[PDB]
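What follows is a single structure, written as structure tokens, with notes after it.
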Amino acid sequence: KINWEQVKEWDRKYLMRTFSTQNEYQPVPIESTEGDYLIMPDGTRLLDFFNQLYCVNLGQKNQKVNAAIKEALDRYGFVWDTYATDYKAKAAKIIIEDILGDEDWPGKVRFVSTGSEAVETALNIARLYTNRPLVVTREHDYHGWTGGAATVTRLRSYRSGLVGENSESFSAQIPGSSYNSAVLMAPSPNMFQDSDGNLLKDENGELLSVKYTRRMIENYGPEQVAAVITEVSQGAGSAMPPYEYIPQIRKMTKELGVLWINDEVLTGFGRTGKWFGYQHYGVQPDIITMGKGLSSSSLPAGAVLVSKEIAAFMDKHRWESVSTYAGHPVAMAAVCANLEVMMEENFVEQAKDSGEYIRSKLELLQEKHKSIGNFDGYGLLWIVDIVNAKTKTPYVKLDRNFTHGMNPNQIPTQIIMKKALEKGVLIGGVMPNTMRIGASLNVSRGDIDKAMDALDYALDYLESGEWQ
Amino acid sequence: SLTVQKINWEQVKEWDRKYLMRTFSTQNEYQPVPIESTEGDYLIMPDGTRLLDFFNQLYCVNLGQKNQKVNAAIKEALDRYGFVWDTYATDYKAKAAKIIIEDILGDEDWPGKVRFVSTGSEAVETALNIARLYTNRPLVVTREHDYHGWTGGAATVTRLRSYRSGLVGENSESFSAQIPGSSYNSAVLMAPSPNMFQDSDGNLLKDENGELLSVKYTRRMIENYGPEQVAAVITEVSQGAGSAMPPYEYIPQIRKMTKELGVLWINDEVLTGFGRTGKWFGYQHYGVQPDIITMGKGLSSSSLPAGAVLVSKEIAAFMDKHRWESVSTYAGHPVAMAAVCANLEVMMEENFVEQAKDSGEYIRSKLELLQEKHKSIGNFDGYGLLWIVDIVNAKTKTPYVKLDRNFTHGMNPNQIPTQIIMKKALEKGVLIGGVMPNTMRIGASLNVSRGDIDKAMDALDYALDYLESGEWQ
Amino acid sequence: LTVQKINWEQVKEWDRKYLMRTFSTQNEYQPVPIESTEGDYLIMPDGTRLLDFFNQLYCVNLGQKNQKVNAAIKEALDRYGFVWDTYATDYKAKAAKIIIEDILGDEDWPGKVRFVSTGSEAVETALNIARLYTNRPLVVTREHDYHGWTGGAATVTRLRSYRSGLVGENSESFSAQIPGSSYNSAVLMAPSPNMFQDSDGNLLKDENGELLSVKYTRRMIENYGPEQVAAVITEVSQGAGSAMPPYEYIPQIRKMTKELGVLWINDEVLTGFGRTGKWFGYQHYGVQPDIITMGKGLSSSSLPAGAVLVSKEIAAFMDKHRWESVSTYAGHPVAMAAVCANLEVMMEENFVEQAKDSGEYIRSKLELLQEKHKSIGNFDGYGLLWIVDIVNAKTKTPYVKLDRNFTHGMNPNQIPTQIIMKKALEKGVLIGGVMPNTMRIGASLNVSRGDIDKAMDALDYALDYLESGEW
Amino acid sequence: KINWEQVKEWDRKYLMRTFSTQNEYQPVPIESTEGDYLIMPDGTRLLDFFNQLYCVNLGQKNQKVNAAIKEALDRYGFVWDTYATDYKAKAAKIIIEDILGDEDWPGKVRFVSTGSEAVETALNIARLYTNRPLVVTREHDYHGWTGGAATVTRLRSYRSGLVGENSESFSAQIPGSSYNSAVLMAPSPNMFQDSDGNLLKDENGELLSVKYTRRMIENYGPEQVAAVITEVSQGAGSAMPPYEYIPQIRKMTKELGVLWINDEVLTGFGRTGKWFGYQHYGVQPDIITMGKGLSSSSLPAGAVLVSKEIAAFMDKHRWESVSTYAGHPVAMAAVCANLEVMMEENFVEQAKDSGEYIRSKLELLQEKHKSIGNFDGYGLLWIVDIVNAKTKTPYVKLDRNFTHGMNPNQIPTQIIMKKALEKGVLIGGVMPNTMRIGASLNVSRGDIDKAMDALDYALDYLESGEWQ
Ligand SMILES: Cc1ncc(COP(=O)(O)O)c(/C=N/[C@H](C)c2ccccc2)c1O
Ligand SMILES: Cc1ncc(COP(=O)(O)O)c(/C=N/[C@H](C)c2ccccc2)c1O
Ligand SMILES: Cc1ncc(COP(=O)(O)O)c(/C=N/[C@H](C)c2ccccc2)c1O
Ligand SMILES: Cc1ncc(COP(=O)(O)O)c(/C=N/[C@H](C)c2ccccc2)c1O
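Chains as they are written, first to last, in the deposited numbering: chain C, 7 to 474; chain D, 2 to 474; chain B, 3 to 473; chain A, 7 to 474.
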């Protein structure tokens, strides 16, 4: 028995708010979950096409994973990273030998507890390996929230600052942490189109975004730039780059003697219909960061995978870094089971298939809806650009530079979400003009149809314009 | 089943060698130490060796290893969840905050609201962000030898040289590599350790007003940089990794000084929290209340990853007025929250804080006797299940390792008294030692038995005999 | 009956032994002694005369050793002496009155001046005031900007070869930036105005007509938050960085900063005081900044002086507070006497109009040279400040690939502008550039036509040699 | 003939204020100067026992210096540092061979225009030579105002920020430049004593301030620390260290492999009754910075002098640093003449002997004035600790951590100055409770008598309470 009224009371009173003021806050109790559904205390079932934070890849409450965690609990317990366990050794083995067995770059893994911790770790390693301070990120990148990971996060609305309630006159950024000179922000891969939608390139055929990034590094001195960090599809920032961007980044970094870190926290583990996002582009990074789909959120886990050469350098020294819960044996038991089910049940192929299906459904919805400017993606990770049906331009001018000071009733993705909710579906986005769609890798055709139907409905209401 | 070997530990050790990044050891020197299972205060190796753990891992398995009520409660949560992020409400998350504020701290007026995260470093990151936003000021004051975590923001307030995630050599003190760029934009002042400013006797020095000199110098730094730009002073009441106990007056004088200067006080309870010192929280020994505390470790007794920040009513009311653009995927994870609830309920139900207090008294008497028989014991101090023992050369009464708490792990461990002690004690099946070269850091579960305390103190006696025999040099 | 006896060989020996080197290693260094100067000429101790078409550092605007300025300095020395900024003198108040009332009397923005000793000091001052006025930390500069060498001014300098680091001798292997230089720097590097051009030379614009350089600048400010950006700092023509912007860039920057609520600092240390054929470089663009910085032509290097001029609204804000800033030599009365005399001579003899007229002359001279020499890819400028783009005559592309991102680790014998300089020297003319593919030409504002002909002649000769390829 | 009423109008209207609001500002015109006097337009003569900013060492408007400047002006003109001149070369030879000919450490000079520029240069050189980022300064040190020099200035009231008019309700530090992570502030040399005023030494005899400084360097890693920067007597900060502090800093820096930069901008060129302040302590630095007394403020000049080994390192590279007016030949002529007159007329011994006279005058004043807690100094650089006689403690509690937001009618050194001005004497200090006394090195005994007489008068008034 649960007194859910008392839960709501304690939630309001004793928990710090995020994204909502206390004044506007309404708690949203979830009593249990299963597959692609959340279940409220009263039995209301919600089809979650956010997959929480694109991070419950295997599906909610997988029985094999939960069984594996219970088995681990018969033995552990807790030991820290200095001690060896079967679960932690095996989890690293599955990643390097089984998932990445066909690639030569993978060297060694360090496990930590969250994606931000994985990014912090990758930044530290890249800087130690190169003995260089600067890291290049991109406009709209999101790489986590802790002090080091936030420095390479250039998504204005997600930098742990304060904004007002339906007022944009109240921006407060964290003092002493609102900019960092050890990071250079390169432009979005998406910023160099001409008025016809064609890509701008230099005389050598290099995308202008890449060429600009190259010039920034030359100007600061390649001898002081450790790495470029990317997302192959910007997650929170909600954008897909030109196909040639990632290959050209790989090339450019090799030529300049600079490491490439690809952040796979969100794109990893089948999200994009391949094992990793980078594998769509025929190149291999120096370092990747992992979270989310690593355990499909069953328990907190993050990881960094470094190349053979980076691993060999680190092996030669005593590294003075300790994180209490890094390698936690029960979280590692969850990771092993998560990955074993993903492999065994061919979840990556499932995602590719469901993605091809989703593309079809979006082709149909676009023909039917003028507020869809474009859509793109793969697997269970899609963007849909929303535009004013009349003007063919976005409703919110600041777009990906907006802040949460805005009134949600003026935000197209907030409007869409609220309408789709009437149909028992959670679907929308985090950017004002852009849908961010994702479900479990094994989402059913039936649930995809249900989601797309609710979206059809929300888009009718949006294009009616009676919300304005 | 006909299966008689679930795990191939030989295979595990090869994977561990090959595929896992090393910490504190080079690959060349590394020797894996596999642990197949744990229970109470014991670690069990796959060959059956049982080790009595008087490190309690990292002073963090407060309830004891593999508590059956906690593990049962985790299994029950797995019937319902699943995963939801912080935007959604659950019974476990809400109850965990309620237990902390209403139940454990029900006799105190300052507590306002909790944010749950996944680790102690994430809790410190959160506390720094909130202190800076609340005051609208950039600077944070820390102390020499403080350890507050390893992530970029938490590391800025960590001033323990050997724990800042840099690289050192294999038995060579001449190859330090710090992380390039790690202080680009750090807004932190290092104030002195409470413990510096000592007599020849050992008195901690005060001015004419009776203000400790460590506190007076901290006041002067904040004045100099301008109190209007200092968001907070962050402390540990007993430095954990740094291995130090302050003079009794230090923490009360810090509270008074911060109030007078209009500066926040963050006390980091990640290690001292949840009965570790024989009160619920370390700050409670000192008759003062902080503005913010950070938590981890004993918050869940490491059963699953959890960290938390608790801010005052004042601070919570301020944050409540704004939309806070901060998201952490696993913050408030419902299964981790289930573990925190059960951990705290057991801790309350069974009076673990009183158990720790009593065992600490019993440890004090054991340590008094060891001191009477070993001149290598300079002094000792502590409470509950958290103890320091200063080790000295019995002949000179000066520490063996001159750099002391400013050492690095580039040193050869065969020269480090706490490594010597530890290696010897292991012959008795006991893990006991410390992280600083001249200072033991001793801790066990809050419910450790008298028999295990005796066993660990016996092992220590034996190790000290060996250290004092000088044969190791 | 008294000789000013100087042992010049001893001078050279002391110079080698006792003075720190810049730009040259000790081993490759050869001292070049200058005994006196006059107009546009440097005189060596043996009497050799060198026509200086660098005007040293584009900074001796009035001409070398102007008799009127030097007499006015001698006159001030009858009274001073030294007093610091807390005390008032005629020379210091008059210098400020001349700038505000007599030179910029046709504009309404000017409020108050603070005098300092150098252009880097003036830039340090401008950064401090902009940040204090807006109560905001970030300043936006551009790729290849040069704003000075001191700690604050260097943060907004993004010219790689001029950031007081170390490079090797004819090796790009060993090189060192100053450790710890960026700990705390609150600076964003925006694109240079020239960054987005097509193969015809047209600078690219978005739909409504905004230059892409400006558009990305605005996007960076939006992303970091306009509420924390104090200012954008510019040069209207990049000095050391050797570049001219498209006409619309500066008006667009003025427009964008007004729209975003951000200050515009224009750095006039090099382009100021007649250098571009108008009193100040920004005056070619029909806009007015919030703050400018001054040096060089401010005193025509007669004595060290720099200055910052701030708008009326900024001045009114500063006036309401006690500002805790002291510089020992700020306002030095004898330096202020030099500034007053330099500016009075400049106004009374119409040096600005002379500069405009001579620029039109130089323009005509460079057209002829470009017709005769294919290694001239393009040229641009005004008054006595010219860039000439030097290219391979056959490809019409630059020889040195790193271009404005080069370092002084390069061998000078591979640098086109070094080659041109070396050749022109045979003719007793100093002319060339600081960037590898780009001439940077300047003389005194009152330079004579005959001297212009003589410099252009030397360049004719140099370019012949460049275009034979023998080097 | 000058219209001083109009000068005063232009000064009010067109010049930026420092230390005063426009509201409270009263211009103080000075028409000419000579020796130790400033002469107002109406002929009023003021005896200047601040020597402006402790910087007109030779005396005001020395005729031999002024004649040398006029001669230079018959030749120059301007040439930058790439060209050699007799004045610039000779200035360098005068410093290294003539003034410092008895010492082995001096290598090479770089001339710049100001003391802050000199400090900026030294910071850059120390960091380049060691290839390390951190520089240790001390609480209350003043090393200049420009961006790099300000990072090592830890004198609160002199960091170019804003304060209010007789109030605390406004106050603003320069955003983005109010603290720096590349500097560590070590304690002031008089850190703590015991109640009796005994110095605290450890078992190795090391003063607590030095031992603490040592621990900071160990903590941050000696391999990361380029230099310790000092003033042998804090100039603006107004303090004299224990005799043994400086020797022990020299020893500690040598042991740790760290450079020692001593800032001689104020203590340099006879100010302390020796050629340089450091020379009272029997040790030699690695780098010194110079200004003020370098030209006795006749024209703007500063300089850095680096050791032979630092000079040999720098000589091996191409240094990409330019400062337009560095080495200005007319400023260099002034420097030459200044140093020649000092040498030829034994200004250093004049300073030493006058300091001994000042000492006996202050001794007599202290017998008669219980508001004098203590005094110390040498040459023409003195501090006097002012206290409330009836409490034996300073009147202004924040002391050297005060700000200029305070009312000057509550500041003892302001009271003293205002009163002393009735006798045509300028004397006082810049810290609230501490006089800072200096005149030209060739100041006459008659002028010392006249200044000390006016101080005696000022202290009668202070002690009377009538100001309160
Ligand atoms: C590419 C990437 N890297 C690192 C992290 C940081 O991982 P964490 O949270 O510390 O475990 C994240 C998390 N993003 C958040 C939760 C998100 C995702 C989508 C929309 C809005 C927000 C990420 O996407
Ligand atoms: C006061 C304090 N705060 C924060 C953290 C950071 O917590 P985390 O690891 O991110 O969950 C810790 C952890 N310390 C480490 C693991 C330690 C303890 C003793 C000896 C050596 C190392 C801590 O002691
Ligand atoms: C736009 C600008 N701002 C500030 C300063 C800094 O003034 P300063 O030197 O401190 O008096 C300068 C100086 N430039 C140097 C001397 C230069 C010029 C041309 C080529 C190479 C270098 C400048 O051009
Ligand atoms: C030790 C020292 N170093 C560097 C400088 C910086 O020299 P500058 O001004 O850039 O030529 C100074 C200047 N001090 C100021 C002007 C002062 C002195 C006494 C009281 C109050 C203020 C200094 O004392």
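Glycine is no exception: its CB is placed at the ideal position from the N, C-alpha and C atoms.
According to the Cβ coordinates, are residue 153(B) and residue 153(A) closer than 7 Å?
-> Mapped onto the third sequence, residue 153(B) falls at position 151. Mapped onto the fourth sequence, residue 153(A) falls at position 147. It is a contact, given that the beta carbons lie within the stated cut-off.
In three-state DSSP terms, what is residue 391(C)?
-> Sequence index remark: in the first sequence, residue 391(C) carries index 385 (1-based). Note: residue 391(C) maps to strand in three-state DSSP.
For residue 208(A), count neighbouring Cβ atoms within 10 angstroms of its own Cβ and tell me buried if that reaches 16, exposed if not.
-> Translated into positions along the fourth sequence, residue 208(A) becomes position 202. Residue 208(A) is exposed by the Cβ-count criterion.
Does ligand 2 have even one heavy atom less than 6 Å from the beta-carbon of residue 410(B)?
-> Here residue 410(B) refers to the residue found at position 408 of the third sequence. Checking the Cβ of residue 410(B) against ligand 2 gives no.
Contact test: residue 148(A) Cβ vs ligand 5 heavy atom, cutoff 6 Å = Looking for ligand 5 in the displayed structure turns up nothing; the ligands present are ligand 1, ligand 2, ligand 3 and ligand 4.
Provide the residue span of the alpha helix (DSSP H) that contains residue 476(C), from first to last.
-> This structure leaves residue 476(C) out entirely; chain C is present only between 7 and 474.
Check whether the Cβ of residue 77(B) sits closer than 6 Å to any heavy atom of ligand 3, and report yes or no.
-> By 1-based counting over the third sequence, the position of residue 77(B) is 75. Within 6 Å of the C-beta of residue 77(B) there is not a single heavy atom belonging to ligand 3.
Could you check what DSSP says for residue 270(C) in three-state terms: helix, strand or coil?
-> Position 264 of the first sequence, counted from the first residue, corresponds to residue 270(C). Coil at residue 270(C), not helix or strand.
Is residue 482(D) near ligand 2, in the sense that its beta carbon is under 6 Å from a heavy atom of that ligand?
-> The structure shown does not extend to residue 482(D), since chain D is modelled only from 2 through 474, so no value can be given for it.
Bridge partner(s) assigned by DSSP for residue 437(A) | Residue numbering aside, residue 437(A) sits at position 431 when the fourth sequence is read from its first letter. According to DSSP, residue 437(A) bridges with 440(A).
Residue 368(B) beta carbon less than 7 Å from that of residue 444(B) | Within the third sequence, residue 444(B) is the residue found at index 442, counting from 1. Within the third sequence, residue 368(B) is the residue found at index 366, counting from 1. Contact flag unset, no.
Taking Cβ positions only, does residue 226(B) come closer than 7 Å to chain D?
-> In the third sequence, counting from the first residue as 1, residue 226(B) sits at position 224. Answer no: the Cβ-Cβ gap between residue 226(B) and chain D never drops below 7 Å.
Which residues does DSSP pair with residue 384(B) in a beta bridge?
-> As a position in the third sequence, residue 384(B) is number 382, starting the count at 1. 387(B).
Using a beta-carbon distance cut-off of less than 7 Å, what residues from the stretch 176–189 of chain B approach chain D?
-> Listed in sequence order: 184, 185 and 186.
Cβ shell of residue 56(B) (< 7 Å), same chain only, five flanking positions each side left out | To locate residue 56(B), count along the third sequence from 1; it is residue 54. Cβ neighbours of residue 56(B) beyond the five flanking positions: 432 and 444.
Measure from the alpha carbon of residue 451(B) to the alpha carbon of each residue in 123(B), 366(B), 347(B) and 224(B), then state which is nearest.
-> Numbered from 1 along the third sequence, position 449 holds the residue referred to as residue 451(B). When only C-alpha atoms are compared, the closest one is 366(B).
Jot down the residue ranges of each uninterrupted alpha helix (DSSP H) in the stretch 96–177 of chain B, minimum 4 residues, whole runs only, in chain order.
-> Counting whole runs of 4 or more residues, the stretch 96–177 of chain B contains the alpha helix (DSSP H) stretches 121–136 and 153–157.
Neighbour list for residue 99(A) in chain B, Cβ cutoff strictly below 7 Å | As a first step, residue 99(A) must be located in the fourth sequence, where it is residue number 93. One finds 16 and 20 in chain B with Cβ atoms closer than 7 Å to the Cβ of residue 99(A), taken in chain order.
Looking at C-alpha atoms only, which residue of 145(B), 241(B) and 283(B) is the closest neighbour of residue 215(B)?
-> Within the third sequence, numbered from 1, the residue matching residue 215(B) stands at position 213. A check of alpha carbon separations from residue 215(B) across 145(B), 241(B) and 283(B) identifies 145(B) as the nearest.
Given that a residue counts as buried once 16 or more other Cβ atoms are within 10 Å of its Cβ, and exposed if not, what is residue 253(B)?
-> One-based indexing of the third sequence puts residue 253(B) at position 251. Residue burial annotation: residue 253(B) is exposed, with fewer than 16 other C-beta atoms found within 10 angstroms of its C-beta.
So the beta strand (DSSP E) residue 293(B) belongs to, where does it begin and stop?
-> Translated into positions along the third sequence, residue 293(B) becomes position 291. Residue 293(B) -> beta strand (DSSP E) spans 293–296.
Kindly examine ligand 3 and report whether one of its heavy atoms sits closer than 6 Å to the Cβ of residue 269(B).
-> Position 267 of the third sequence, counted from the start, is the residue given in the question as residue 269(B). Flag set: Cβ of residue 269(B) near ligand 3.
Leaving out the 5 sequence neighbours to the left and right, which residues in its chain are closer than 6 Å to residue 289(D) when beta-carbon positions are compared?
-> For the purposes of this step, residue 289(D) is taken as residue 288 along the second sequence, with counting starting at 1. Within its own chain, the residues whose Cβ lies closer than 6 Å to the Cβ of residue 289(D), once the five positions on either side in sequence are excluded, are 253 and 256, listed in chain order.
DSSP three-state call for residue 43(A): helix, strand or coil?
-> Against the fourth sequence, residue 43(A) aligns to sequence position 37. When DSSP states are grouped into helix, strand and coil, residue 43(A) belongs to the strand group.
Where do the ends of the alpha helix (DSSP H) carrying residue 309(B) lie?
-> As a working note, residue 309(B) is residue 307 in the third sequence. Here residue 309(B) belongs to no alpha helix (DSSP H); instead the beta strand (DSSP E) covers 308–313.
Cutoff 7 Å: residue 282(A) Cβ touching any chain B Cβ = Counted from its first residue, the fourth sequence places residue 282(A) at position 276. Not an interface residue.
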